[PDB]
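**Q**
Protein chains in written order, with the UniProt record's numbering: chain A, 167 to 331; chain B, 343 to 390.
Here it is in structure tokens:
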């Protein structure tokens, strides 16, 4: 029984997904440069917020109030769902004051991970033309990224296989 | 003697060699080598 209407923030939070996987040097370098430009060129009308915790657990048709109080000692009461649920309406609050907002979520890496949620945000893609370029770009950092280079590549082509639309 | 001997034959030699080099470049083996050079330079431009 999907409602014909859904509640969404007034104006879209800006979520830009890294080419392979956030939290690493090569990916983090990609967004911070864009983070700098949006703050400088568009100063006084853009607010930047970082979502340190998870944001992929945005559910609306699970239960009336899972973990309403922290004294229930329930499995979900002491879990991280309570804080993630509280972070949803903060994005709503930033939207109502007419200033555009962005999301520095360090966990979501796919469009479908944050597509069915009530956020329905603007998705920005930064990608390299070929994986041949990406592997050498990773090499330009140093030996530290060589340990995680393997997991760095399967996380890249997965996003490419997602439809552009 | 000089014009027919030295200059005319020089004209023929350059022409014949130029034609041979043109055909040599378009052999399948040479085309793949050039194609590799093109792709490597594109990667370098993209990486830069």
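All C-beta atoms in this analysis are idealised placements derived from N, C-alpha and C, irrespective of residue type, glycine included.
Can you pull out the residues from the region 358 to 387 of chain B whose beta carbon lies closer than 8 angstroms to at least one beta carbon of chain A?
**A** Answer set for the region 358 to 387 of chain B: 385.
**Q** State the start and end residues of the unbroken beta strand (DSSP E) segment that holds residue 267 (chain A).
**A** Taking the first residue of the first chain as 1, we reach residue 267 (chain A) at position 101. Where residue 267 (chain A) is concerned, the enclosing beta strand (DSSP E) stretches over 266 to 269.
**Q** Helix, strand or coil, according to DSSP, for residue 291 (chain A) in the structure here?
**A** On the first chain, position 125 is the one that residue 291 (chain A) refers to. Note: residue 291 (chain A) maps to strand in three-state DSSP.
**Q** Can you give me, in chain order, the residues of the region 303 to 328 of chain A that have a beta carbon less than 7 angstroms from any beta carbon in chain B?
**A** Answer set for the region 303 to 328 of chain A: 303.
**Q** Buried or exposed: where does residue 154 (chain A) fall if 16 or more other Cβ atoms within 10 Å of its Cβ makes it buried?
**A** With chain A covering only 167 through 331, there is no way to say anything about residue 154 (chain A).
**Q** Along chain B, which residues have their Cβ under 7 angstroms away from the Cβ of residue 168 (chain A)?
**A** To locate residue 168 (chain A), count along the first chain from 1; it is residue 2. Under the 7 angstroms cutoff, chain B gives no residues; its nearest Cβ is about 43 angstroms from residue 168 (chain A).
**Q** Is it the case that the Cβ atoms of residue 284 (chain A) and residue 304 (chain A) are separated by a distance below 8 angstroms?
**A** As a working note, residue 284 (chain A) is residue 118 in the first chain. As a working note, residue 304 (chain A) is residue 138 in the first chain. Not closer than 8 angstroms, so no.
**Q** Would you please state the rounded distance, in angstroms, between the beta carbons of residue 173 (chain A) and residue 271 (chain A)? I believe it to be under 8 angstroms.
**A** Here residue 173 (chain A) refers to the residue found at position 7 when the first chain is read from its first residue. Here residue 271 (chain A) refers to the residue found at position 105 when the first chain is read from its first residue. Their Cβ separation, rounded to whole angstroms, is 20 angstroms, which puts residue 173 (chain A) and residue 271 (chain A) out of contact at 8 angstroms.
**Q** From the DSSP output, read off the bridge partner residues of residue 182 (chain A).
**A** Against the first chain, residue 182 (chain A) aligns to sequence position 16. In DSSP, residue 182 (chain A) forms a bridge with A:290.
**Q** Spell out the partners DSSP gives residue 213 (chain A) in its beta bridges.
**A** The residue given as residue 213 (chain A) occupies position 47 in the first chain. According to DSSP, which records beta bridges pairwise, residue 213 (chain A) is partnered with A:267.
**Q** Between residue 356 (chain B) and chain A, is there a C-beta pair that is closer than 8 angstroms?
**A** Mapped onto the second chain, residue 356 (chain B) falls at position 14. By this cut-off, residue 356 (chain B) is not an interface position.
**Q** As a quick exercise: from A:177, A:184, A:171 and A:191, pick the residue whose alpha carbon is nearest that of residue 310 (chain A).
**A** Reading the first chain from its first residue, position 144 is the one you call residue 310 (chain A). It is A:191 whose Cα lies nearest to the Cα of residue 310 (chain A).
**Q** Leaving out five residues on either side along the sequence, give the residues of the same chain with a beta carbon under 7 angstroms from the beta carbon of residue 260 (chain A).
**A** Along the first chain, one-based indexing puts residue 260 (chain A) at 94. Excluding sequence neighbours, residue 260 (chain A) sits near 213, 215 and 267.
**Q** For residue 217 (chain A), count neighbouring Cβ atoms within 10 angstroms of its own Cβ and tell me buried if that reaches 16, exposed if not.
**A** Walking along the first chain from the start, residue 217 (chain A) turns up at place 51. That one is buried.
**Q** Using three-state DSSP, classify residue 239 (chain A) as helix, strand or coil.
**A** The count along the first chain starts at 1 and reaches residue 239 (chain A) at position 73. In the structure shown, residue 239 (chain A) sits in coil (DSSP, three-state: anything other than H, G, I, E or B).
**Q** Does any residue of chain A have a CB that is nearer than 8 angstroms to the CB of residue 352 (chain B)?
**A** Along the second chain, read from residue 1 onward, the residue named residue 352 (chain B) stands at position 10. So, not an interface residue.
**Q** Would a C-beta distance cut-off of 8 angstroms place residue 275 (chain A) and residue 187 (chain A) closer than the cut-off?
**A** Start at 1 with the first residue of the first chain, and residue 275 (chain A) comes out as number 109. Start at 1 with the first residue of the first chain, and residue 187 (chain A) comes out as number 21. Their beta carbons are under 8 angstroms apart, which means residue 275 (chain A) touches residue 187 (chain A) by this criterion.
**Q** When burial is assigned at 16 or more other CB atoms within 10 Å of the CB, is residue 170 (chain A) buried or exposed?
**A** Here the question's residue 170 (chain A) lines up with position 4 in the first chain. Exposed: under 16 other Cβ atoms inside 10 Å.
**Q** Around the C-beta of residue 281 (chain A), are 16 or more other C-beta atoms found within 10 angstroms, so that it is buried, or is it exposed?
**A** Here residue 281 (chain A) refers to the residue found at position 115 of the first chain. Flag for residue 281 (chain A) reads exposed.
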